[PDB]
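Trainee: an experimental structure, sequence included, is below.
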Amino acid sequence: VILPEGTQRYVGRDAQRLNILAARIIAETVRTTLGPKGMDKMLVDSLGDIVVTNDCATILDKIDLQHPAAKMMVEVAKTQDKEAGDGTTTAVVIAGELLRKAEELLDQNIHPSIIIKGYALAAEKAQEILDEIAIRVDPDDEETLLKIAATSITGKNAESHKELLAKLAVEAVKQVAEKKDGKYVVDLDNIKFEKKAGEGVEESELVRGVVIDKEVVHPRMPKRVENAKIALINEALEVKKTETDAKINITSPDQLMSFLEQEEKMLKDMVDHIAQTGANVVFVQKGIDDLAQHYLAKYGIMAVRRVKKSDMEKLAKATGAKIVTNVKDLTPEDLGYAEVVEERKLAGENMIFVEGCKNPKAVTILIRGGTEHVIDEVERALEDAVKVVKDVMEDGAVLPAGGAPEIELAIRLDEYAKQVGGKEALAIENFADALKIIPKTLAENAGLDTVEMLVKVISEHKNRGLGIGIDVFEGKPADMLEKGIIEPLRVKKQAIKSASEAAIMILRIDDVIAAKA
Amino acid sequence: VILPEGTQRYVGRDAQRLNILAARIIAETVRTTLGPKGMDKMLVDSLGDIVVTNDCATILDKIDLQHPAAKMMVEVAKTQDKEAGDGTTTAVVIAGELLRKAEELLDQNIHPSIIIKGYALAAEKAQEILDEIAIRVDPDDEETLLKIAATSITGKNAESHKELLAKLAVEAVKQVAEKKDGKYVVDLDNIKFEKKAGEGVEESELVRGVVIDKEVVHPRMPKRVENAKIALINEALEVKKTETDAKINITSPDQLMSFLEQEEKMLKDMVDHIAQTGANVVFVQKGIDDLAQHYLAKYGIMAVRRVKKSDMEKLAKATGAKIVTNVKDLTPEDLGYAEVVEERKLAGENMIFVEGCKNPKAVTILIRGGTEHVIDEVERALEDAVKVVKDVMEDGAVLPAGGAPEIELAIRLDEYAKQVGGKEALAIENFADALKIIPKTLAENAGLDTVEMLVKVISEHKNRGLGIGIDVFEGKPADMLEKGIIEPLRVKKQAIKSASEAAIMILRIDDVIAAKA
Amino acid sequence: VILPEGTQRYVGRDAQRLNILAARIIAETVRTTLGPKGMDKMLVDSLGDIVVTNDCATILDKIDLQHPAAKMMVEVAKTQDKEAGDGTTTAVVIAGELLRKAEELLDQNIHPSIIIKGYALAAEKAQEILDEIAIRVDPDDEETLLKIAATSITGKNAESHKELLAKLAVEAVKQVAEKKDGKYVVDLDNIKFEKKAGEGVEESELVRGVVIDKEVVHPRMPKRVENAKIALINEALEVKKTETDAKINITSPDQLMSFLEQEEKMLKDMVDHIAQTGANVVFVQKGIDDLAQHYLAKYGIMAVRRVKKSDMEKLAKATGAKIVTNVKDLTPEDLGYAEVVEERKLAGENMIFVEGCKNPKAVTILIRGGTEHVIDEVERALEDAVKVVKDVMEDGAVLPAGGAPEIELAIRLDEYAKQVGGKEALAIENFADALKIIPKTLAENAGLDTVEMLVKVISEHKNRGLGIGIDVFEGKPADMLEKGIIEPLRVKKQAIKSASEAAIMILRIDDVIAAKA
Ligand SMILES: Nc1ncnc2c1ncn2[C@@H]1O[C@H](COP(=O)(O)OP(=O)(O)O)[C@@H](O)[C@H]1O
Ligand SMILES: Nc1ncnc2c1ncn2[C@@H]1O[C@H](COP(=O)(O)OP(=O)(O)O)[C@@H](O)[C@H]1O
Ligand SMILES: Nc1ncnc2c1ncn2[C@@H]1O[C@H](COP(=O)(O)OP(=O)(O)O)[C@@H](O)[C@H]1O
Ligand SMILES: [Mg+2]
Ligand SMILES: [Mg+2]
Ligand SMILES: [Mg+2]
C-alpha cells in the first residue's frame, strides 16, 4: 500500500496542540507534589507492586507514559536528576508552563520561529541573571552546607528528621569528597546506601566504612576482628586447573590418596600466602574450597566469599586495601585497615560491618525505619540531600528558596523583554510569567490563597529584595536567607536549561508520525 | 492518551475517599477478633487448604487483598509483629479508626496538611505519655513475666492452657536470653518450636536441648546414649574425590579388590578420627557412606546424616559442641554434652531428642495437640507469648490491659488538644477519640453494651486511676493491675507508631495510578 | 488463472499519476524542514522508540514507506548523502517538484518521451551552468572552509553553537586529510564521533587521538600513562592450543603443578615479548588470560582487552603503531606514541582517552549534550559539516546559498529553453521553474510572503547577480557571498543529478505490477 495503516499523524495546529497538551498533562500530574506541603502518589505496578513517593523522577519513571511528548518530559527530570540532583518537579512544572504560555502565542498567530527565538533569549538571559544574583558561599562552610541539605529534605515525606539526615549527608559527602586541583570534585558512587527495615529513621547512621550483606564463610572463623588487616583477593581460592584439557588416570590404589593430598597442598599453599602477610580478614570475590576455608579458619583469619565486584571496590576505597589477582604476589602493603570488622545480625539478616576505617574514600549510610516504604523514601530524600551538597561544594554558590529566584527572574526578565521589543518581547514576557508557577503552585499546595499570596510576594521582593520568597510553613512571604531556607545555584540554573530546551524542542516539532504499536 | 487503556486513576477526594474506605474495610475485617472474647476466621485458599486462626497477621496475610491501601494495612501488622510481637489486631484497628475520624475532618474541608500535622503531634505526644505512665518493672521478675505471657495467650483460642504455655514461654526465653553488658538481649531464633499431633496440648514441654526429625542412620547403632559426648560434623563421611577430573584404569584382576579396600580405608580413617575424640554421638550435616556407617556402628557410636544446617546450629548452641569441617582436626574439646540423646517414636514418627543439655543457648518447645489446627494455633499463641516476654526483659516496662492505656491516652491527649489549639486541635482531639475503638470493640466482641460500658470505663479511669480498663471476663471496668492483666510497654508504643504512620501515609496520597488488578 | 490474486497493476495514466503523487507526497513531507527555519519531526517507531530530527535522510529512513515510488525518493537522499553529504532535503524537494511540473506537461498531452528528453537536456545543461558559475576557492582556504561548515549546521537544531561545531568540523577533516597527488582526498572513516550525555554542547571537543569505551583490564595497572609507547596486539594473550585434538593425561601428583607452571611460563613469555619493546600501554583485540594480566600489571603496563577491530585501526592511525598478529615478532618499531593515555569516567562511564597523539591520521570528536536527543542531533549536524568540508577540499569550488544557485539555474535554463524550442522547450521551461521550490520553501518555512519574496529575489538576482539569494534570518534577498552563507558546488551538482535522475526514472515507468502492498 502507501503508508502503514493504524499509523497516525498530525501537523501544525494539531501536532503542536496535542504535544503541548500531553506535556502539560504530565506536568500537572506532578505539580501537586511540589514543595514541603506537596502531596504523595501511590503508583500501583501491573505486577501488584506498590510505590508511594513524592519524587518526580520516580513517578514519571514508574508511570507508564504513552504519548511521546509526555515521555520527553521524563527526560527533563532525568537530566535534572543527573546534573543538580534536586528540582526535578520544578523543571517539569516550568516546562509545562512554558508550553502553555507558548501555545498562547501560537494562537495569537505568532510564528513558532519567533516564540522559539524569544524563549532562547529569555533562557540565556536567565542563566546570566542567576550567575549574577547567586550568593557566593565558601565551598566547605559547613554552616550553609547543612542548610542546603536540610532545605532539600524538607520537601519530602522524611522531613520528620531533617536534622539528622542533613547531618549524615553533609558528613558523608565531606568525607568522600576529593580536591587536588583547587576545587572539590565529588563522585557520589562513593557513598553506598544500606536500607534495613526495623527500628526508626532515628537509628540511621554514617558508617565510615562499608556494610556487606554476606556472612563469615566458615563456622570456626572469628565473627569479629579488632584491628583488622584486610585482604581483598579477586582469585578463586580453589583447586586451579589447566586451560588445556586435562584428566587424571589413576593406575594404582596409593594414588587416590597422593592426589587428594596434592590438591590440599596447593590449596593450603594459597592460604599460607595470605597468612604470611599478616592478614586476619579476607574478602574473596570468587569462590573458596572447603579445605581452604578450613586452613584459613585454623589461622584465625575471617573470610567472606563471593563478594560483589562493586563491594570489593567500596572495600578498597574504604580500607585502603589493594585488590589482588594473584595470592602469590600478595604483600602486607596490599592489606587494608579497619578499626573493627564484625558480623552482626541486623533485623534477622547477617551482614558484615567494616567500620572505623582510616580515612575512607568510600563510605556507607545505614538507613533504618518501620516499613520498606519509609526506608525507600528516606534513601530518596538522602540522595537528593547528598546531590545538593555536592553542588554547593563544587560550585560554591547558593540561592534563596520558596520561588525567590524565579520571582527575581520574572520581575527582571520582563525588563529584558522591553529591551528586546517586538514579537520576541512577547515570548520573553510570557517566559518570565511562566516562571511564576513555582511561587504559585508552592502557595497552592500549601492551601494558601494563590492569587492574593502571589501579589504580596512580588510586592515584598520588589521592596525587600532577592531573598524574598514564600515560606509554606509561614503562610506568608519571608526573607529566605534569614530563615536559612536555601538551594543550590546549580539546581535553578539547570531547571531553566532543562525546561526551556524541552519547551523549545516541542515548539519545533511540526509533524508527528506514530506507527502501529 | 497519556496512560495505557485499562489503567485507573483517582484524585483528591476520590483518592483519599477510596483509600480510607479500603483501609477501614480491612480494619473492620479483623476487629472482630480483638481481645479474649474475639472470634476466629476460616480462610480457604484456592488449593483447598484451610486455615483457622485469631491472629491478625496470619489473616491479613492469607487473605488475598487487592486494593493497594488495604495491603498497606498488612504492613502495619507486619511491622508490629516484628517489633513487639503482639498487638497486631490493635495497631490495624487503630489505623482504620484514625483514618475514619480523619476523613470526617476532610469533609469539613480541613486541608489534609492540617490533619497530618495534628496527627503527628498526637502520635508524638502519645509516645511521651506512654513512656511516662509506664509501670517500670524488674527485667527478670519471674512474676510479671509470667503474667505478660499469660495475658497474651488469653486473647486467642489457646487460653484453655494459658497456664502451662505461659510457663514454658517465660522459662524458654530466660534460658536463651543473653546479657553481659548490663541489659538483656533475646534472639528468639534460639527457640525452636516442634509440633506433633496426638495427645493433649497438656503434654507440651520445654526440652532443655533440641529435638530433631531424623533417625539413627544404622540398624546396629545405639538408639539411646547416656551422658553423650556429641560431635557436629559438617563434612561428608564418604569417599573424597579430586577437584581435577580423574578416573581409575583397572589393568589387572587384583586391582578390583585393592582399590575397594583403599576406599574402605579412607572411610574408616575418617570414622577413626571421630571415635578417637571420645564422641559416641555424631550429627553429620552431609551424607554418610554405607561403610562409614558400619564402622561407626562397630564403635557403638550413634550417628545421623543429612542434618539441617539450622539444626546443626541449634545442637551447636544447645550442647556446647563446635561444628567441624575437617574430621582430621576434631579434638575432644569440640565435643558437646547432652544428658540424654534418644530416638523416640513420637506419634509413629521417629525423632531424636537431645535433652538435659548443660546450659542451653538454644532450646526447643515440643507442642502436643488433638488436631493440626490445635497445634498451629498454640504455636501462634506461644510465639506472641515468647515475643512479649522478650519485650519486658529488654525494656523493663509494662502497662495495664483492657484498653486502659488508650483510655488514659484519650483523656490525656485531648487536653493536649486544648493547649495546641487551632485546626490541629480538631485533628488531635479526633486522634484521641479514635484510640477508643480498643475499649469499644473489646466490650463489643464480648457482647457488652458498648455505649454504656465505655462511659463507665472512662469514668472509673478518671477516678480510680491509670489502671482502669475493661475486663471482658468481668463484664465491667476493673483495675487491670490488681488483676494482673498487663501487656508490654512496647506493644502500645508500637501500635501507636505503626497505626499513626500508616494513617498519615494514606492521608498524604492525593493520587492513585494503577494498571492490572 | 493468469496473475496471482491480490496482485494490483496500473498502466499509462494511472501508473504515472499515482507514482508522481506518491513521490510528491514524500517530498511535501520533508520540505517543511528545509533551511535554517525548517521545522523538526517526531518519529515514533512500532517499539515506542522516539526519534526527533530535522535530517531528511533519517526521516525517510525511519518512516515506513509502503508505496514503491515513494521508496525511490529515499534512494535520492541516500545517493545525495553519500556523494555530497548535504542537501538531502534539497534533492528530494526538487525531485518531487520536478515530477509535478512534469505531470502538467503530461496532462497537456505531451508524450512522456518529449518530457524525459527535455529534462535530460535541462539537467545536462544544469551541471554546465553550475561548473561555470561555481566560485572556485583555494582547496584549503581556512576562511571559506569555516563558512561552508557553519552554513551547513545552520539549517538544523544545534545551530545554537554553529560557532564551535564549525571549528571542530574543519580541524577534524584537515587533520585526517590526505593529499600527496596534488589535491586532497578525505576518507571520513578516519573521523570517529563519541557521544556522551551530560554537560552542555559547549564541552564538545576534538581529540587528536582516539576515545575507546573500554577500561583498564586489571585493578593494579596504571590508570594513566604520560608518554605512552602503545602496542597494538591482535593475538589472544592466552594459553595456545594445537589444532590437532589434544588432552593432558596426569599420571602422578607432581604433574598437577608442573603443567600449570608450564602454562604460566607460556603466558609470562608473551607478556615478556610485549615488555621487552618498552611498551607501557597495550591494546589487545582478543582476550587476555588472568595470569597474563598479572604479569602485565607487575611490569607497570596498562592493558585493555577485547578491543574493537574498528578501534584497533583508529589507534594504529592515531598513534602510528602497527597492529601485530604474533607477539614474538613485536619490536619497538611497531609501537606508537600518545602524549597521554588515561582512563576517565565520563557519565559514570569508564573510557580510555588516547589523546595528544603526534600526527594522527585518525581523530575523535567528543559530543556532549543535555539529552540523548540533543547529542544525536549534534552528531548529525557534524556529519554534514564534515561531509561538506570534505567536498570543498576535494573540489575547491563553492556556491552562494539561499536558493541563489537555483534562481540562477532557473533564469538561465529558461534561455536554454528558448534556443532548444519546440515541445522540449516546455519541458526545459518547467524544469527550470521547478528549481524554484528551494528559494520558495525557504521563504515559506521562514514564514515569509512566498509570492512577494520570490519576486524581490528573482529581481535582485537578475540585477545584482549569481550571489543573490534569500536570507531567512534577513527575511529579504541578499548577497550570499557578502554574508558568507555558502555551500559546496558538489552539493548543488549532485542534487540536480539525483533529482532529475529520479524524476526521469519515474516518468519512464508506464506500468507497475505489485504482489502485496
Ligand atoms: N520552607 C519552604 N517554603 C516554601 N517553599 C520551599 C521551602 N523549602 C523548599 N521550598 C521549595 O519547594 C521546591 C522543592 O519541592 P520538592 O517537592 O522537593 O520538588 P523538587 O523536585 O523541585 O525539589 C523548591 O522550589 C523550593 O524552593
Ligand atoms: N482479660 C482481658 N480483658 C479485657 N481485655 C483484654 C484482656 N486480655 C487482653 N485484652 C485486650 O485484648 C487486646 C489483644 O487481643 P488479641 O485478639 O490478642 O489481639 P492483638 O493482636 O492486638 O494482641 C489488647 O488490647 C488487650 O489489652
Ligand atoms: N542563512 C540562510 N538563509 C536562507 N537559506 C539558507 C541559509 N543557510 C542555508 N540555507 C539554505 O537551506 C538549505 C539547506 O537546509 P537543510 O535544512 O539543511 O536541508 P538540506 O537537506 O537540503 O541540506 C539550502 O538550500 C541552503 O542554501
Ligand atoms: Mg526535592
Ligand atoms: Mg495477642
Ligand atoms: Mg544541510
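Mentor: Happy to help now that I have it. Numbers count the residues shown, from 1 in each chain, chains lettered A, B, ... in the order given. Ligands and ions are numbered 1, 2, ... in the order given.
Trainee: burial count for residue A:127?
Mentor: By other C-beta atoms under 10 Å in any protein chain shown, 15 other residues sit near residue A:127. Where you see a C-beta, it was placed from the backbone N, CA and C, and this is true even at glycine.
Trainee: distance of it relative to residue A:448?
Mentor: The spacing between residue A:127 and residue A:448, counted by C-beta to C-beta, to the nearest Å, is 30 Å.
Trainee: cool, residue A:511 as well?
Mentor: 42 Å.
Trainee: how about residue A:461?
Mentor: 16 Å.
Trainee: those two: who's more crowded?
Mentor: residue A:461 (24 against 19).
Trainee: contact residues of the stretch 1-150 of chain A facing ligand 4?
Mentor: residue A:86 (C-beta under 5 Å from the ion).
Trainee: the stretch 1-150 of chain A: strands as residue ranges?
Mentor: A:8-11, A:40-44, A:50-53, A:135-136 (DSSP state E, counting those that start in this stretch).
Trainee: CSV please, covering these and showing distance to ligand 5 and mean neighbour count.
Mentor: Formatted as CSV, the strands of the stretch 1-150 of chain A follow (distance: least, C-beta to the ion, whole Å; neighbours: other C-beta atoms under 10 Å in any protein chain shown):
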stretch, distance to ligand 5, mean neighbour count
strand A:8-11, 60, 15
strand A:40-44, 30, 24
strand A:50-53, 27, 20
strand A:135-136, 57, 12
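Trainee: which one of those strands lies closest to ligand 2?
Mentor: Distance to ligand 2, taken as C-beta to the nearest ligand atom, is lowest for strand A:50-53 among the strands of the stretch 1-150 of chain A, at 23.7 Å.
Trainee: for the residue lying closest to residue A:271 once chain neighbours are set aside, list the residues it contacts.
Mentor: Spatially, and ignoring its direct neighbours in sequence, residue A:271 is nearest to residue A:295 (4.1 Å; C-beta to C-beta, 6 or more residues apart in numbering or on different chains). Contacts here follow C-beta atoms under 8 Å, 6 or more residues apart in numbering or on different chains; on that basis residue A:295 touches A:267-268, A:271-272.
Trainee: name the nearest residue to residue A:291, ignoring sequence neighbours.
Mentor: Distance criterion C-beta to C-beta, 6+ apart; nearest residue to residue A:291, sequence neighbours excluded, is residue A:267 at 4.8 Å.
Trainee: for residue A:222, same thing?
Mentor: Nearest non-adjacent residue to residue A:222 (C-beta to C-beta, 6+ apart): residue A:302, at 4.7 Å.
Trainee: okay, and the beta partners of the residue lying closest to residue A:335 once chain neighbours are set aside?
Mentor: Nearest non-adjacent residue to residue A:335, counting by C-beta to C-beta, 6+ apart: residue A:229, 4.6 Å away. Note on residue A:229: beta-bridge partners by DSSP bridges are residue A:337.
Trainee: residues near residue A:229, how many?
Mentor: So residue A:229, with other C-beta under 10 Å, has 21 neighbours.
Trainee: right, and it touches residue A:279 too?
Mentor: Yes. Counting by C-beta atoms under 8 Å, residue A:229 touches residue A:279, with 5.0 Å between them.
Trainee: need the overlap of contacts for these two.
Mentor: Joint contacts of residue A:229 and residue A:279 (C-beta under 8 Å, 6+ apart) are A:332, A:335.
Trainee: what helices or strands is the helix or strand encompassing residue A:504 leaning on?
Mentor: Residue A:504 belongs to helix A:489-506 when assigned by DSSP states H and E. Where contact means 3 or more C-beta pairs under 8 Å, 6 or more residues apart in numbering or on different chains; DSSP states H and E, helix A:489-506 is packed against helix A:12-30, helix A:68-81, helix A:88-107, helix A:112-133, helix A:372-395, strand A:397-400, helix A:404-420.
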